[PDB]
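# Overview (structure and organization)
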Amino acid sequence: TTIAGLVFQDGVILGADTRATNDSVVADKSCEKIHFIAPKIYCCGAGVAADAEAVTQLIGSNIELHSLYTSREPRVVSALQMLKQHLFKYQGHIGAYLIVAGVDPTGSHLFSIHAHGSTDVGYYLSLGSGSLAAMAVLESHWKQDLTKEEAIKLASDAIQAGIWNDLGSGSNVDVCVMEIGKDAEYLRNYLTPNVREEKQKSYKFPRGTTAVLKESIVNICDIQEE
Amino acid sequence: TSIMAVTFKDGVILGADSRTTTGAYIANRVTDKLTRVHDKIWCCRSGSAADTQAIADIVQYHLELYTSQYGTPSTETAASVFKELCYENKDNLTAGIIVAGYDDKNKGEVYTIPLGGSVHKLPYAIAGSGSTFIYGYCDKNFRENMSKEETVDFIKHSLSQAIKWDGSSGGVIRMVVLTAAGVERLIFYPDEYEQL
Amino acid sequence: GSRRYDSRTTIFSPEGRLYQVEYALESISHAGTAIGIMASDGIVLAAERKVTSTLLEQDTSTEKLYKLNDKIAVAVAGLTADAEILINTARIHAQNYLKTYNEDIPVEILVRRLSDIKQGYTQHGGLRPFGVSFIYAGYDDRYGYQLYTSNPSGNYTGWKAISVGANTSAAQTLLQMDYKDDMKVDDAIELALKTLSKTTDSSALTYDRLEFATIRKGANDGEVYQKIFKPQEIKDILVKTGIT
Amino acid sequence: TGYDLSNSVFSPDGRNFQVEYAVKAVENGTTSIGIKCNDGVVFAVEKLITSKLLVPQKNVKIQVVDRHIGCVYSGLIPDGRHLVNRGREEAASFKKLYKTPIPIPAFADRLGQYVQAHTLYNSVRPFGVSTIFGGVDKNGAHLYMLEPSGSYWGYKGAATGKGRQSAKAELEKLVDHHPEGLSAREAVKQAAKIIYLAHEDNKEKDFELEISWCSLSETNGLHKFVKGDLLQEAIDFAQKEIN
Amino acid sequence: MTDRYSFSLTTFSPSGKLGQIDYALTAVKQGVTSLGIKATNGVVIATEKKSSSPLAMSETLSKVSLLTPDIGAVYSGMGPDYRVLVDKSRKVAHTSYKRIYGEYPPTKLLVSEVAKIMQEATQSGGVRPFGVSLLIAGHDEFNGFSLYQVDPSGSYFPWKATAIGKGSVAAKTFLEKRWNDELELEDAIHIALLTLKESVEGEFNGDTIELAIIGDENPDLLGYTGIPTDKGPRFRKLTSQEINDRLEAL
Amino acid sequence: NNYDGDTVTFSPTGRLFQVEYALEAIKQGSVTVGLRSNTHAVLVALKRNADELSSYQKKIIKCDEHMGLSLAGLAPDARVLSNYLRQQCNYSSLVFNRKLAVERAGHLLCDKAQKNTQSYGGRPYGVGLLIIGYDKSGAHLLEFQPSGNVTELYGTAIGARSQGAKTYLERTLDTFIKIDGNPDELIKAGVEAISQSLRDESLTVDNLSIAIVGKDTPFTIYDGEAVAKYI
Amino acid sequence: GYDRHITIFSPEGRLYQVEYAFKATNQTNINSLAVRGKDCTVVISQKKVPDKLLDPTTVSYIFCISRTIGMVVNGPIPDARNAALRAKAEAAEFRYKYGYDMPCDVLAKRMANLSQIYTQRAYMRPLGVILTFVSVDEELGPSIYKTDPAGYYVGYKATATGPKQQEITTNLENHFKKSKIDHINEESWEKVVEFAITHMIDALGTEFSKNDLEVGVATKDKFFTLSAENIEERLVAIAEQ
Amino acid sequence: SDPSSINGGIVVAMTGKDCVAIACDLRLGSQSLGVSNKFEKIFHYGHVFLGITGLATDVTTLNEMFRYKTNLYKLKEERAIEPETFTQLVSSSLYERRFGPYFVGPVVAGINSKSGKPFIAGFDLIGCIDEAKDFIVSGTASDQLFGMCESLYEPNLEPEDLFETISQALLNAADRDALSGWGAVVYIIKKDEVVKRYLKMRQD
Ligand SMILES: *[C@@H](CS(C)(=O)=O)[C@H](Cc1ccc(CN)cc1)NC(=O)CNC(=O)[C@H](CC(C)C)NC(=O)[C@H](Cc1ccccc1)N=[N+]=[N-]
Ligand SMILES: [Cl-]
Ligand SMILES: [Mg+2]
Ligand SMILES: [Mg+2]
Ligand SMILES: [Mg+2]
Ligand SMILES: [Mg+2]
């Protein structure tokens, strides 16, 4: 996995690749690692996939109820504090590594959360097996007061560095842009640099190639009736 | 990590590096290890980042609730709450915390809480992996009732050496000054302190 | 202390009756009549809704007839909210039995379980009993078609035809007069509707007032079908039997 | 009617009659007082000598909490002890966590909330004691008085029990005649006098005076009982004033 | 310091009445009029903002509440009881449904869960019933639009249109005359405002009336873009201005 | 009247009727006397029989080697409270290698009795106790009432007709307090005191129960022919 | 007639214990008032020290709940302190869990939900208090939110509580009918306090000394109570114009 | 020792044009010993199909669990559960055992009755959802199935072509795994008809 987050002039942006792996095999070629928490708060996940998914969903559910209760827009610090306190409780056994970013009445925010419950504040961050490839790019090119156009370029470049150079990371680039005073725009498959090339042959078989012992109709309906 | 708190004439100064490592990878090179549990009671964190954050967050909560009921807590009271958490959960924590604070009555006070959960009130304290390299230096150069400028230089030179020799320490030298005048944040960059 | 305010819901009267059970039965006597009639080839459940308003959305409404599983249904008389608590328990018990034995729960076993729950509220806990009487209509491969009733006491009994709710005295006399053992579902449908039509406190019996259901072993290829009648279908069967 | 039969029931007035009935038990008890002085507090109490068989100086009524707080009470004596036992647990857990000994206002609320909790349910009875307590903390001397309702305020002088009106009148004179303040040793003498004057309400049986004090100069801010020569000096001063 | 009320406070009287439920219904009768009308392409729920003081800011007191993005609720009776029911209803929609199935519950099932909560206050130890009747309007994919009433007993009924509280008898007669199965949402809003005017004494405007709809999906109110399947909340509370506009065409 | 249904209810004059009714059970109980000098402390108890076939109900219980009590009222409640005292005496010895002070024992009984008077469901204890003991500050005599009130005394009596014995001790105070290093004369004074509370019946050999504790005397109970000496 | 002793419905649909808790509210015979400025929220309350033996510095019905939130109570002090301690605990726990300071209106709602529970659950009695919360909220600005024994709560432009609340309420109503705004258009809190005191004097028809009042002021990022000398300065300014 | 490979077996699912296919082998073993050649791994709850590989006791348990849950769903909702909703239910139910998981590799397959859209999904043992457009694989020969599917598959196959592709993917994968085979079953699922076919394969 390669996930990153960086801040720009009046916003924060998250990036992520789309490859989920089981050991050395590619389980998923188009998985969304950018998780929804609130309309304007998003979370990138690395580590154990089910853990990263479940924890963001749970905090997202609790954030929604909290928002209803208080009649206020949820804050990124609330998501951060709830995530870290949950992750800390489980002592790293929930192996979720997250980059949380969003906009709220306080402003725009960017945090990282580790599975053991530690949190960081940063202007640019990266997590997962491709974090070093991504951080190399962010360290070379990040500056203050980036425009949105520069920020999307840098974020996607950081994710790409991971895609190419890290075996853990691959396939496509997802991005989410959270800008102050605007709707957050979620850009799944922002880049598609790894479309499979056309195959040499078609392996569509002649019908009747497979030997069959029995056939039957399955009754899937309720009550066959009189 | 390299951290220290030093009492002086007008109050106390906390000092820290900014490096957080996961093995040999620097996970964060601009970490803020000086953390606020009350207006003029701060702490320096070393050991498990998860654990020291979790503790500091609980202490901040306790002192906030103390303040609602009984007014401003002493620095001793803050150190006691840190100690209580560290000591009672010593089997599940890796936390080395220096607590520093300013009362008007007591002036500058420094308390160090190492791994065990013991408390030690000191004129100054050093801690973290990089502190080993500056026990000699700090013992020879520390004086009581220094000025603000002398204490800033003492911390700057000390942590400069700690950073130089410890790979686990590095980045910027952050400091927080606690006096009657208020709370002042200072930062010192590599180009400044490396040439000392 | 608190003792002062305790109604003591689980005590005997000097005569040896359970006050709250008796008063719950009095409550149930005012509820809309429900009739169950068991035939050789199926069971009928008919029931009268209580709250005639023109603005009640009848097609999505369910106050009387509930489904427990594919083989067993109930007709309710009393507090609907109380009944739904018990119904969800019964639905779970059926699925627990199915998970354990890999066979659908026998009708009597489900009925006993519910009746045992109701009983508990009359003997311990200090809570009010459930103000509900059920007619259970069901099928299994042991006894075939079965009708039961349970009441707030937790007593249950088996029936060929039975009524609960309002005017049960009048209703049970009329059923006892016209029921026969060789009867069929179509005849039982007619008997159920005729009985309600005479015992109703309303001026006339109409489709918007009724909930109606049949359990038939007259599904395709010897299976059992539960039919909860839609409003239009109740209106058709009222015209067919000649009541409207 | 029936509003007075159960604790925590509001009458149509807005009153909890059971608490007001607990006050009657307090009013029935012996006289106890508290005097705030310059750098501390003085507590004194009337102990009715029911019989010659009572051992003198043994049935001690005033109780210490932690090392710096004194508590005295009038009414049902066991209820007072139960409250002090709680106070000691509160003062211990405060010191355990926060290191510093419990401040007097902090301590006052700990008792206050606990007594108030016994007016919230019908399963408990209100406390049949008014408790006068106080001591010296980091912010100086404090004297409090705590009623069966959970109500408490800070006081210059406090009094409760059967001789409270008599005592209160005497305390009010001291407040008027000493605006700059009263010394610790003066307050001991005046406390003795006030208990002696307040004994006209319990005049049938003779009594035994008991005094305690916390003072920053005289006891190092610790609670101590007034004993021996200092006690006898206060009894002599009190005996002189009544005659 | 014990809860000793482990016995029912609601019990059957000799006549078969559950007194506390009847008395809760009497409290609902005293409460301010609220109503619900179901159209073909929507539902409307409405009530009077009976302001307890003119110094009070009646905007802060929401009588009409969002439970889920596609389900809304209004009440008549005791406001505090309603407020806590809305809190529990919102939560139960997550715990007993969204966290299991990854989608919001349909109207009838959320209603069933609220009904259950109210039923339990009618039988559990040491509690009185809730002193509210709720009108819950909602939409879901397989049931379409729906309107439900929920009483202190825990009983619930689906309605085409109804009213509860103060002037409900007169209001229900008014709705019977006006309702048909071919109403558009705007027609239902119009009828709602007419019906509600009869039970209101004083001022009748957008500031003294609360009105919400379950209608079309509002992608503008969603807050984000990039997921085609999430089209936005069907619940929408009408503004003070939006109400006043329709009161001119009244 | 209306305020005597349970212990949790104050009357309009600030009285706890259930506690006062428990106090009444003590007055119905058989007389027992307690008294002490500087060296020794003595319990004397008039035991009560059901009829001529029955045994005489035991009135005195040992709590430790240096402490014990006599009872008047509900004997099962005395058993509970004495057992509690035994445990507290034992806890002091095991944990602190320390004999429990008699004053502290009284404080413990007060607080145990108090909890029953403030909480619902419970009832007050229906028994009065006279605790004697010899500790690090010499001889002691306590009187426990189930209201909670414990009182350190030179001498006292509780039970039916106890006022006669109590008046005698009040007169004799100056004499019996001086009976130091003479256990037999102190017991005599206790036996003479309890005699003032007798009517019709007199002190026989299986009627009388005496106990003593002192300087070099463990708490020991005398019954039967052991007390014939003092009749 | 046990429907009047515990919190269950009377035949009329009433909770008599809630109604009698409202009557306990006025047992102190103290009137409170709260108003909003531009940058502030001011709360004033009558202070009556009838006994000369009382330490007047400890007689207060205004509480500092959090740094941002203040709370004035109308009702007996034991219930006031019960409510104060809980509100403090709730405000601190909120900050710990959710990472930002508890808003005034959210605390008011929380305390009101707690009050509701006492009206539904039999074993708990209602607290005989009306809680007026004040802050300068970081989202909503100057805020007044009031809770009662029924569990009802609502926001206010201004409010008054006590025996003579109707007189104070109508006085304030009439002022805001003139100005046609939801607040006191005044820059400094000092002048908003002067307004509050002046309009209480007019409404109640009584003059005040420095020891007859008790004042609380909410500004951005702190709530604080005025000393007797701070109030005296306020009273001098009122008299001088 | 490794629970997921004691009993063995495989499930593969594929999408086609207005259809889905789900297939499984029939082997149940105790490591090397073959025990049963009739152990089907594909179940159905209404029109939603669930294949489950892994530890056989959990395969059976989860089938009984999802039958239970979908039956109660149907009674309350008054409609059969859809593939997308069921997928979330499987995920929920697996993750609630996060720290004592069922050792399984479930595969959902079905057609949404309202939208008509073909749907397949796979999960790890703790409920992470892989919602593939093309195919899902599971079991002890998952590597082999990935290799077969990835080359053999092409989108928008007609039901009777899709049958040949999924069958050849299963069979040839199974023959390279010691713990899979011993017979196979292929379900071809269309919006309102489902055909079940048992395949002839080598019995070693
Ligand atoms: C990259 C993280 S990494 C290896 O640190 O670079 C991605 C992040 C990610 C992918 C997908 C989502 C979608 N919700 C979110 C985040 N993570 C992975 O590739 C990690 N992969 C997995 O966790 C597997 C996902 C399956 C869908 C293939 N799951 C497993 O391998 C589990 C792990 C596990 C099992 C038992 C106990 C603990 C952990 N089982 N196996 N084999
Ligand atoms: Cl709440
Ligand atoms: Mg270095
Ligand atoms: Mg109550
Ligand atoms: Mg093989
Ligand atoms: Mg083989």
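Residues numbered from 1 in each chain as written, not as in the entry; some residues may be left out. Chains lettered and ligands numbered in written order. Part of a larger assembly, values for the part shown. Heavy atoms only, no water.

Structure determination for this entry, per the PDB record, employed X-ray crystallography and reached 3.10 Å resolution.

### Remarks on the overall build of chain B
As a reminder of what qualifies: The secondary structure listing takes helices from DSSP runs of H or I that are at least 4 residues long and strands from runs of E that are at least 2 residues long, numbered from the N terminus. Note that the radius of gyration is over C-alpha atoms, with the globule rule given as 2.2 Å times the number of residues to the power 0.38. Here's how the labels work: a residue is buried when its accessible area is under 20% of the maximum for its type, exposed when over 50%, partly exposed in between, all with a 1.4 Å probe on protein chains only. Note on definitions: a residue-residue contact is assigned when non-hydrogen atoms from the two residues lie within 4.5 Å. For the area figures, the Shrake-Rupley method with a 1.4 Å probe applies, and any residue is considered shielded solely by the protein chains shown. Charge assignment in this entry is limited to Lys and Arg as positive and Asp and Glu as negative, and neither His nor the chain termini are counted. By convention, the charge on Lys lies at NZ, on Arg at CZ, on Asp at CG and on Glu at CD.
What chain B contains, in helices and strands, is five helices and twelve strands. Relative to the 2.2 N^0.38 estimate, which gives 16 Å for 196 residues, the radius of gyration of chain B is 16 Å and therefore close to what a compact globule would have. Overall, the C-alpha framework of chain B stretches about 50 × 40 × 25 Å when taken along its three principal axes. The buried share of chain B, taken over its 196 residues, is 55%. Sequence separation of at least 24 residues holds for 61% of the intrachain contacts in chain B that already meet a minimum separation of 6. Per element, the accessible surface of chain B, about 8,300 Å² overall, is 49% carbon and sulfur. Within chain B, one finds 19 positive and 24 negative side-chain charges whose respective centroids are separated by 3 Å.

### Brief notes about unusual backbone geometry
Among all residues except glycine, the phi angle is most often negative; among peptide bonds, the trans geometry is most common. Residue and element names in this part refer to chain B. Of note in the backbone geometry, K107 takes a positive phi value of approximately 65° without being a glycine. Mapped onto the elements, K107 comes out in the loop between β7 (95-102) and β8 (108-113). Overall, the relative accessible area of 34% leaves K107 in the partly exposed class.

### A word on the sheet that holds strand β1 (residues 34-39) of chain C
Residues and elements named next belong to chain C. Quick note on the threshold: Paired strands, in this sense, are two strands between which DSSP finds at least two bridges. Between N-to-C directions, angles cover 0 to 180 degrees, with each direction set by a line fitted to C-alpha atoms, over the stretch in contact for helices.
Ordered in space as β8-β1-β2-β9-β10, the five strands form an open sheet in which the pairing is antiparallel. Each edge of the open sheet carries a strand with a single partner, namely β8 (161-164) and β10 (225-228). Going from strand to strand, the sheet's axes swing by 10° on average, the running direction of each strand aside. Here six bridges tie β1 to strand β2 (residues 42-48), and the two strands are oriented antiparallel to one another.

### Details of the pattern of salt bridges
Filter applied, for reference: Whenever a carboxyl oxygen of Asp or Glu lies within 4 Å of a side-chain nitrogen of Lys or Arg, that contact is scored as a salt bridge.
Under the counting rule described, the total for this entry stands at 82 salt bridges over all chains. Two residues, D157(A) and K153(A), come together in a salt bridge whose shortest N-O distance is 3.0 Å. Linking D157(A) with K153(A), this pair stays in helix α4 (residues 148-165), spanning four residues, or about one helical turn. Measuring nitrogen to oxygen at the nearest pair gives 3.4 Å for the salt bridge that ties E93(G) to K97(G). In this pair, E93(G) and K97(G) both sit in helix α2 (residues 77-98), four residues apart, roughly one turn of the helix. Among the charged side chains, a network of salt bridges with common partners joins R72(A), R75(A), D105(G), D137(G), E138(G) and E139(G).

### Here's the deal with the coordination of the magnesium ion (ligand 3)
For a metal bound by four donors in a tetrahedral arrangement, the ideal donor-metal-donor angle is 109.5 degrees, while six donors in an octahedral arrangement ideally sit at 90 or 180 degrees. Heads up, the rule is: Water is not part of the atom set, so a site may look incomplete; the donors themselves are N, O and S atoms within 2.8 Å of the metal, or 3.2 Å for Na, K and Ca.
For the magnesium ion (ligand 3), the full set of protein donor atoms is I163(B) (O) and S169(B) (O), at a range of 2.5 to 2.7 Å. Each of the two residues, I163(B) as well as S169(B), counts as buried.

### Thoughts on the UniProt feature "active site" in chain B
Residue and element names in this part refer to chain B. Stated precisely, the cut-off is as follows: UniProt positions are given in the numbering used here, feature names are shortened, and annotations may be inferred rather than shown by experiment. The definition of a polar contact used here is a pair of N or O atoms within 3.5 Å, where within protein one atom must be able to donate a hydrogen and the other to accept one, and adjacent residues in sequence count solely through side-chain atom pairs.
With numbering matched to this structure, UniProt assigns "active site" to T1. Among the structural elements, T1 can be located in the segment before β1 (3-8). Those residues within four positions of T1 in sequence are excluded, and the remaining contacts are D17, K33, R45, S46, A127, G128, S129, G130, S131, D166, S168 and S169. A polar atom in the side chain of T1 sits 3.3 Å from the side chain of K33.

### Comments concerning the interface of chain H and chain A
Note the cut-off: The buried area of a pairing is the accessible area, by a 1.4 Å probe, that goes missing from both parts when the two are put together, added over both. When residues are grouped by polarity, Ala, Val, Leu, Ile, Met, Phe, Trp, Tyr, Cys and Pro land in nonpolar, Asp, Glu, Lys and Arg in charged, and all others, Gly among them, in polar.
Contacts between the two partners involve 39 residues from chain H and, on the opposite side, 35 residues from chain A. Contact with chain A buries area across many residues of chain H, yet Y95(H), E164(H) and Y198(H) alone supply 16% of it, more than any other trio. Put simply, chain H and chain A have seven salt bridges between them. Across the contact surface, chain H and chain A share 19 residue pairs in polar contact. When residues of the side of chain H that touches chain A are assigned to their parent elements, the largest contribution, eight residues, is made by helix α4 (residues 159-174) of chain H. Residues belonging to the side of chain H that touches chain A are distributed by class as follows: 17 nonpolar, seven polar and 15 charged.

### With respect to the coordination of the magnesium ion (ligand 4)
Residues and elements named next belong to chain G. Within the first shell, the magnesium ion (ligand 4) binds the protein through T7 (OG1) and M124 (O), at distances of 2.1 to 2.6 Å. Note that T7 is positioned in the segment before α1 (16-25) and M124 in the loop between α3 (104-120) and β5 (130-137), a separation of 117 residues in sequence. The same class applies to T7 and to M124, which are both buried.

### Quick word on a nonpolar patch on the surface
Residues and elements named next belong to chain F. Applied cut-off: Two distance rules govern patches: like charges are joined within 9 Å, and nonpolar side chains (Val, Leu, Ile, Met, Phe, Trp, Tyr) within 5 Å, applied only to residues with over 30% relative accessible area and no salt bridge.
Residues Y91, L94, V95 and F96 make up a contiguous nonpolar surface patch of roughly 480 Å² in combined accessible area. Examined against the element boundaries, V95 turns out to sit in helix α2 (residues 75-96). We classify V95 as partly exposed; its relative accessible area is 47%.

### Side note on helix α4 (residues 168-178) of chain E
All names here are of chain E. Operational definition: Think of it as the arc spanned by the lines of direction from the helix axis to the C-beta atoms.
Of the positions making up α4, those classed as buried are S168, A171 and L175. Seen along its axis, α4 keeps its buried residues to an arc of 60°; they face one direction. More than 90 degrees from the buried face of α4, the exposed residues found are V169, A170 and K177. The inward-facing, buried residues of α4 abut α1 (19-30), β1 (34-38), β8 (161-164) and α5 (185-199).

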